[PDB]
Structures are given as C-alpha cells and as structure tokens.
Amino acid sequence: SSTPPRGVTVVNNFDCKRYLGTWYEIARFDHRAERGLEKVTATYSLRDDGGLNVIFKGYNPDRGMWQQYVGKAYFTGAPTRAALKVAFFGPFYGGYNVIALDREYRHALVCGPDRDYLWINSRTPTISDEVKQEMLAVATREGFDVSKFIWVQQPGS
C-alpha cells in the first residue's frame with residue numbers, strides 16, 4: 001500500500017515547501033469516507049522530523065456537520081521524490097503520491113496505492129475547463145478510469 005501503483009510517474013524533483021498550505025479537492029474517486037462531502041480541503045505543514053502534517057476537512061450537507069481527519073505523511077525515499085506513506089484511516093489509504101504538478105505548484109494529480117484512488121486538487125476552489133482536460137489526459141495515459149471522477153461541490157461550481 002506504501003508503494004505507488006505499478007507504472008505511474010511520481011514527481012521526481014519535488015520541493016515540499018512549495019506544496020504547503022491549502023489545496024481544494026476538485027475531483028475524487030469516491031469511497032466511504034469522502035461520499036457526499038462538499039468544500040473538501042487538505043492543509044499541509046512541514047514537521048521537524050521531515051514529515052508533513054495533513055489536515056483533511058469536508059462538509060456533509062445532509063446532517064450539516066464538518067468531518068475532519070489529522071494525519072502525518074512521510075517520504076518513503078528521498079524528499080525530492082513525491083511518494084509518501086500515510087496512515088490507513090478515513091481518506092488516507094496508506095500511500096500518497098503526486099503524479100503530476102505544474103511548475104507553479106497550483107494544480108496536482110494525486111493517487112493512492114492503486115488505480116481505485118485518484119484526486120485532482122487546486123490552490124483555487126475552481127479550475128479552468130482546460131486544466132481539467134490536461135489533468136484527465138494524464139490520468140487516462142497512466143491507466144486510471146476518468147469516468148470514476150466525482151466533481152466536488154466548491155464555491156463557484
């Protein structure tokens with residue numbers, strides 16, 4: 001689970017300090033923990049031990065309650081390789097991998113331990129229909145089924 005899916009391109013010149021702060025979840029492959037969740041964000045802070053603090057937050061409109069999970073992420077290798085180990089609970093599935101990132105660290109394709117786990121994340125709550133198409137193109141190219149994507153309710157969607 002803490003090895004990446006066979007074949008995928010993990011980002012190999014990663015600078016963790018440019019990745020820190022708030023990411024909005026644009027799309028997800030759905031599972032139990034995230035089902036029905038709106039306004040999903042993830043926040044990242046750098047720890048002294050070289051890991052990341054990860055705070056995941058989502059709103060369930062039906063009951064009107066927030067759901068929050070707090071985990072750590074550790075590089076499995078060199079911190080220049082975006083393959084990480086996370087816990088296995090809630091929206092953490094043991095492995096976390098950045099398989100595409102623009103030069104400005106504004107848009108990221110993240111996958112879990114196998115091809116049932118995929119996320120499109122942005123520094124902004126919405127992305128252009130263009131950035132959408134590029135992201136979806138990389139996903140298909142790496143053997144993910146884009147038809148699984150749930151487009152997440154976010155302010156301006």
# chains A, B, ... in the order shown; residues from 1 in each chain; ligands from 1

$ residues_around --residues "region 108-117 of chain A" --least-positions-apart "4" --cutoff "10 Å" --atoms "only C-alpha atoms" --output "ChimeraX atom specification"
/A:1-6,8,10,19,23,25,27-31,82-86,91-102,121-123,135-136,138-139,142-145,148

$ select_by_dssp --residues "region 89-122 of chain A" --states "strand (DSSP E or B)" --output "PyMOL selection string"
chain A and resi 89+92-101+107-111+118-122

$ residues_around --residues "region 54-66 of chain A" --least-positions-apart "4" --cutoff "9 Å" --atoms "only C-alpha atoms" --output "list in words"
residues 34, 35, 36, 37, 38, 39, 40, 41, 42, 43, 44, 45, 70, 71, 72, 73 and 91 of chain A

$ closest_residue --among "A:46, A:26, A:74, A:103" --to "residue 151 (chain A)" --atoms "only C-alpha atoms"
A:26

$ closest_residue --among "A:105, A:50, A:24, A:76" --to "residue 127 (chain A)" --atoms "only C-alpha atoms"
A:24

$ closest_residue --among "A:155, A:51, A:7, A:77" --to "residue 126 (chain A)" --atoms "only C-alpha atoms"
A:155
